[PDB]
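# Overview (structure and organization)
If you want the building blocks of each chain, they are given just below.
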Amino acid sequence: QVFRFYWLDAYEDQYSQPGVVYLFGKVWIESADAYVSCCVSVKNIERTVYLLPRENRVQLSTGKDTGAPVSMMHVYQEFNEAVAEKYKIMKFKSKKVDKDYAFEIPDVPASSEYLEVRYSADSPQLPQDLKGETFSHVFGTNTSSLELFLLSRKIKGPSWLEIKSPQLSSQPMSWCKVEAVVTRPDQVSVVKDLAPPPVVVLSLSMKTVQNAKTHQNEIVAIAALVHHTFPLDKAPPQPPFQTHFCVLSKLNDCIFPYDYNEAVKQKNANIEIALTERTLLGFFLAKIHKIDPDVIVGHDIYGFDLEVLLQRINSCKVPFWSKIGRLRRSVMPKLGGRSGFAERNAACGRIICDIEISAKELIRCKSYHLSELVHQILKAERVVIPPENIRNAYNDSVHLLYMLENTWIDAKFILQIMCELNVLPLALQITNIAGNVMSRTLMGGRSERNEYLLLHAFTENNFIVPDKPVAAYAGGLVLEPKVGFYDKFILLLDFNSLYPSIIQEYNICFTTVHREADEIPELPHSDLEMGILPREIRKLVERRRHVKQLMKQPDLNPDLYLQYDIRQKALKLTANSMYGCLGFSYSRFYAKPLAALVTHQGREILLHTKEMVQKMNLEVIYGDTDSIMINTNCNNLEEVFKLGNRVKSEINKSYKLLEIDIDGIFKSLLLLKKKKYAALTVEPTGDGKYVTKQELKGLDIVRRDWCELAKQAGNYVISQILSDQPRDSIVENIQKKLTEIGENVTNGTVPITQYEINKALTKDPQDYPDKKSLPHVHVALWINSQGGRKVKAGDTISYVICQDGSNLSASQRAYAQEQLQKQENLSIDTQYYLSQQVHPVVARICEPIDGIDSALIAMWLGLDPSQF
DNA sequence: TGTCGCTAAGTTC
DNA sequence: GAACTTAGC
Ligand SMILES: Nc1nc2c(ncn2[C@H]2C[C@H](O)[C@@H](COP(=O)(O)OP(=O)(O)OP(=O)(O)O)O2)c(=O)[nH]1
Ligand SMILES: [Mg+2]
């Protein structure tokens, strides 16, 4: 009778069906010897509300306190007579529950005997401010059904659940192959120590042509690659994809080149030719249903792909839209809106993976378009079909098949990108650590995960969580740096996860810090037992430490090393975000005083570490909120390491948990300003041998707002300034290279691609206030003006400053590379590139190096030294 | 409908 | 002296 299934996604509707939460997942079947999708609809998820008894009777807040004691019986009478009749509440169940409270609300006793009252969801809902003559507050009024079913039953992320006495549904309700009905939340439990099962992953790529007359989008080709056993606890499978399906729709106006039949016949029989977008979308929905994917993945799928598909279904009215999800409905969710919540609910029960958001979360790249990601991760070359060609692609069957194959190659690229970053296993692991639903975790953002993590930590520990909600404080300290160049060995010491360590050491928790509703609250007493937040932060720190130690294992494959690095970075970001959510003003657990205390202790620890290092009779040169750089004044490497170990031990002697480590050793240092330096890191190899690797932190060469010309010039200049050659030869080499680049630029030898300057928008092009035409925004608008895929917010736009005789300010002349390559009346701005893009970079780089000053650089570059 | 924190150099108007 | 952006912790 028991029914055991592994759950992935949960969907709820707080209005359509009240007190009903759906759990989608996989279940084992011996007949097919396979896992099949199923949906269990936990019904009768009774709403719960906790009423806080008062200390003494109050005459409806009019006569103030009267001194009459109030007990649980009086509270029950009051709720049964007045509140129940007033709010049209028929049946309710009451009990006394002793719970503790520590959150941002006044006059709520720390540990009190609340009266819990449960009533059916369908009945009306109490109001948040409801106050009677016997109680002063009601908690949990608006707690969503899904949240109650998750926290109460202790489910934390995808896992195996056991159901007692399942009931077959009277009529079909979901599109899955197995349906169960749970009549109460108490019949569902979680089973531990089992292997996660394989899932079905479908990567989709759609090529669309924008309608000329109607100024809208009409899909023309859709390809997808599906794997039926994509694991979630082992390495990605090779080959990544098992099978695929392609569909192509002839344009409403254009016609096939009298050879489409023969071309398709000689190519393959796995491609579906659709006469319209209606048939194409129907075929896509049928294939999705038959495959029943569990993770649909793509690029900008939340933003532009799923929304386009749903809108096209609505416009052409393709029947049975609900198949694009898992549930059965008739009223599509309203489109538009901010983010992709509407698009997410439009395919409920099917996790959605936008590789763009995952890549943003994990890796850092200059641009996030598909081409840049492909060139940066898989190290390939991605062919981009011009938007004009696609409309003209349906003129030769060869080019039609080429377009279809390009879509297929994009799909394969997306799947490989997903595999390499280990998006799915990492997402599942983070979801299990936090406790939220996987579909939300894969959508980015850290506030949700931290909120759910603390929610679990406090629910399992007998606390009452706060109701969902309907420069600020002193932060890090950066030491004043002694700018300049250093040739001896500079030792960089750093602290290990300084903020989580501070939280652990000083018991900075929710249940210990006696706040008072912008001062810094006093530190908690040591004798107090560990709180709720420190325990979770320590668990996360321990997981990160274990991953690091595993990385320390010698003879590890480079790819596995990259995977471990990504996982460790994700865990560090999760700990940092757990700290940060204490400062978010729009957070369930906003605790600004706690974040202020954490930052204040960090500043204190940094200042004390600096004091100790200085008292040790050495020289300090820099530090950013947890790190310190020391001037060794030595040359032998062994002495450097011995001094580092000595100082590390001396510093660590004063902290119970905090750890200081040798962040690095530098052979040559170039410290320009705060948060800007370059150095030659020294990695030992054995027998006293030490290899060198050039590391730049903060320079203008490592930012996407400078031309590649300036990037290469600064790279060479820094390479010289850091080497061991004598100063005179370094200066002469710099002069020769600068003259060479000047001659090349003046003669136009430099290629076009080295001129682009990239900037990322924050809002949409229109929403930007018309404050002049700040280059990127200007160029952005042009891209939107032309008939191509739009450039929405959070997109990298590349522009090149050119000349057209406009005689305007240099900023206003920003243009697009395609425009310049197309227009015959525009040309590159040589003086701009050699004056405001290269010279400032080299001048900042060579500021403390004797022998070079701004005038000399300007002269050597070929610029006129008049205005310099 | 949610969108981790603060700090700081650098460009533009 | 304010905005905007992109690095750094
Ligand atoms: N809220 C928030 N705080 C951060 C973030 N990044 C860094 N911090 C803060 C908290 C960290 O404890 C502190 C120092 O960070 P580090 O870069 O030195 O990393 P960490 O010390 O955790 O590890 P490490 O041993 O130095 O490699 O800066 C972040 O992304 N968000
Ligand atoms: Mg650190």
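### A few points about the overall build of chain A
- Along its length, chain A carries 25 helices and 29 strands.
- Relative to the compact-globule value of 29 Å for 868 residues, chain A shows a C-alpha radius of gyration of 32 Å, a close match.
- Here the C-alpha coordinates of chain A stretch approximately 90 × 85 × 60 Å along the principal axes.
- Counting the 868 residues in chain A, one finds 50% classified as buried.
- Total accessible area on chain A stands at roughly 43400 Å², and carbon and sulfur atoms take up 49% of it.
- Side chains of chain A give 101 positive and 102 negative charges; the mean places of these two sets differ by 4 Å.

### Comments concerning the coordination of the magnesium ion (ligand 2)
- Protein ligation of the magnesium ion (ligand 2) involves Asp494 (OD), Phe495 (O) and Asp626 (OD), the donor distances falling in the range 2.1 to 2.3 Å.
- Bound by six donor atoms, the magnesium ion (ligand 2) shows angles of 69 to 174 degrees at the metal and therefore irregular coordination geometry. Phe495 shares its class with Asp494; the two are buried.

### Looking at the side chain of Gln568
- By the secondary structure assignment, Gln568 is in helix α16 (residues 558-580).
- Excluding residues within four positions of it along the chain, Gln568 makes contact with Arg544, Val547 and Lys548.

### Looking at the protein's contact with DNA strand B
- Close to DNA strand B lie 28 residues, the nearest being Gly445, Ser447, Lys673, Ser811 and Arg844.
- Here a phosphate oxygen of DNA strand B and a side-chain polar atom of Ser811 are 3.0 Å apart.
- If you list the elements that add at least two residues to the surface near DNA strand B, you get α13 (447-459), α16 and α24 (839-845).
- Within the surface near DNA strand B, the residues separate by chemical class into nine nonpolar, ten polar and nine charged.

### Details of empty space enclosed by the protein
- By volume, the largest cavity amounts to about 100 Å³.
- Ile357, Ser358, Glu361, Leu362, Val423, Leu426, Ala427, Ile430, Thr441, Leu442, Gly444 and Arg449 are the residues that line the largest cavity.
- Residue assignment for the lining of the largest cavity shows that the elements contributing at least two residues are α7 (355-362) and α11 (423-434).
- Along the lines of polarity and charge, the residues of the lining of the largest cavity split into seven nonpolar, three polar and two charged.

### A look at the packing of aromatic side chains
- Inspection of the entire model under this criterion finds 28 aromatic pairs.
- Measuring from centroid to centroid gives 5.2 Å for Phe458 and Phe463, while their planes differ by 55 degrees, and the two rings are tilted. The pair formed by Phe458 and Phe463 is uniform in burial state, with each residue classed as buried.
- By the ring-pair criterion, three or more aromatic residues cluster together here, those being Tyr101, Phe103, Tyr114, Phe139, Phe458, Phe463, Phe510 and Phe589.
- One residue, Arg328, lies across the ring of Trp175, its end atom 3.7 Å from the ring centre.
- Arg329 extends its terminal NZ or CZ atom over the ring of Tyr11, reaching a point 5.5 Å from the ring centre.

### A look at a positive patch on the surface
- Taken together, the side chains of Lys360, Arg364, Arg545, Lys548, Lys552, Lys569, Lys572, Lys697 and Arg704 make up a positively charged region of the molecular surface.
- For the positive patch, the secondary structure elements donating two or more residues are α15 (532-551) and α16.
- Within the secondary structure, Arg704 is located in the loop between β25 (689-697) and α19 (708-722).

### Thoughts on the pairing of strand β20 (residues 490-495)
- With six of six residues buried, β20 lies mostly within the body of the structure.
- In this structure, β20 lies alongside strand β22 (residues 627-631), joined through five bridges in antiparallel fashion. Counterpart to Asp494 in the pairing with β22 is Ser627.
- Examined bridge by bridge, β20 and strand β23 (residues 660-673) share six bridges and lie antiparallel to one another. Looking at β23, one finds that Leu491 is bridged to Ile665.

### Some remarks on the site of ligand 1
- Residues in close proximity to ligand 1 total 14 residues, the closest being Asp494, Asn496, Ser497, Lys572 and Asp626.
- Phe495 has a polar backbone atom sitting 3.1 Å from an oxygen atom of ligand 1.
- Side-chain polar atom of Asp626 to an oxygen atom of ligand 1: 2.9 Å apart, as the coordinates give it.
- Of all the secondary-structure elements, those providing two or more residues to the shell around ligand 1 are β20, α14 (498-505), α15 and α16.

### Brief notes about the sheet that holds strand β10 (residues 159-163)
- In space, the six strands of this open sheet follow the order β11-β3-β2-β1-β10-β12, with mixed pairing throughout. Single-partner strands in this sheet number two, and they are β11 (178-182) and β12 (188-191). Neighbour-to-neighbour, the strand axes of this sheet turn through a mean angle of 40 degrees, independent of strand direction.
- Sheet analysis places strand β1 (residues 3-12) next to strand β2 (residues 21-29), joined by seven bridges and oriented antiparallel. Counterpart to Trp7 in the pairing with β2 is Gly25.

### Considering the protein's contact with DNA strand C
- The full set close to DNA strand C counts 13 residues, and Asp624, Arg704, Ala760, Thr762 and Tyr768 are the nearest of them.
- Here DNA strand C approaches the protein such that, of its atoms within 4 Å, sugar and phosphate make up 93%.
- With respect to DNA strand C, the side chain of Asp624 contributes an N or O atom lying 2.6 Å from a sugar or linking oxygen.
- Note that a base oxygen of DNA strand C is positioned 3.5 Å from one of the side-chain N or O atoms of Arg703.
- Classifying every residue of the surface near DNA strand C gives three nonpolar, two polar and eight charged.

### Structural notes on the nonpolar core
- One finds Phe5, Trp7, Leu23, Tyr114, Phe458 and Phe510 to be the most contacted residues of the largest nonpolar core, which totals 91 residues.
- Sorting elements by how many residues they give to this core places helix α17 (residues 592-615) first, with seven residues.
- Judged by nonpolar contacts, the second largest core, of 60 residues, contains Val199, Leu404, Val423 and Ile566.

### With respect to the domain arrangement of chain A
- The domains assigned to chain A are domain 1 (47-151) and domain 2 (708-861).
- Computed over C-alpha atoms, the centres of domain 1 and domain 2 are 65 Å apart.

Rules used in this analysis
- Residues numbered from 1 in each chain as written, not as in the entry; some residues may be left out.
- Chains lettered and ligands numbered in written order.
- Heavy atoms only, no water.
- Helix = DSSP H or I, 4+ residues; strand = E, 2+ residues; numbered from the N terminus.
- Rg over C-alpha atoms; globule rule 2.2 N^0.38 Å.
- Buried < 20%, exposed > 50% of the residue type's maximum accessible area, 1.4 Å probe, protein only.
- Areas by Shrake-Rupley, 256 points an atom, 1.4 Å probe, with all protein chains shown as cover.
- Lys, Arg positive; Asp, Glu negative; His and termini not counted.
- Charge placed at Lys NZ, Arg CZ, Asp CG, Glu CD.
- Donors = N, O, S within 2.8 Å, 3.2 Å for Na, K, Ca; no water.
- Tetrahedral: all angles 85-135°; square planar, octahedral: opposite > 155°, others 65-115°.
- Contact = heavy atoms within 4.5 Å.
- Near = heavy atom within 4 Å.
- Polar contact = N/O pair within 3.5 Å; in protein donor to acceptor, adjacent residues only side chain to side chain.
- Nonpolar A, V, L, I, M, F, W, Y, C, P; charged D, E, K, R; others polar.
- 1 Å grid on protein atoms, 1.4 Å probe; cavity = no way out; pocket = protein on both sides within 12 Å on 5 of 7 lines; lining within 4 Å.
- Points joined across faces, edges and corners; volume = space filled by probe spheres on them.
- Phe/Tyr/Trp six-rings, centres within 6.5 Å; stacked < 30°, edge-to-face > 60°.
- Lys NZ or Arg CZ within 6 Å of the ring centre and 35° of its normal.
- Patch = residues over 30% accessible without salt bridge, like charges linked within 9 Å, V, L, I, M, F, W, Y side chains within 5 Å.
- Salt bridge = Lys/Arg side-chain N within 4 Å of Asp/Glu carboxyl O.
- Pairing = 2+ DSSP bridges.
- Axes fitted to C-alpha atoms, helices over the stretch in contact; angles between N-to-C directions.
- Core = buried A, V, L, I, M, F, W, Y, C linked by side-chain atoms within 4.5 Å.
- Domains from an automatic or database assignment.

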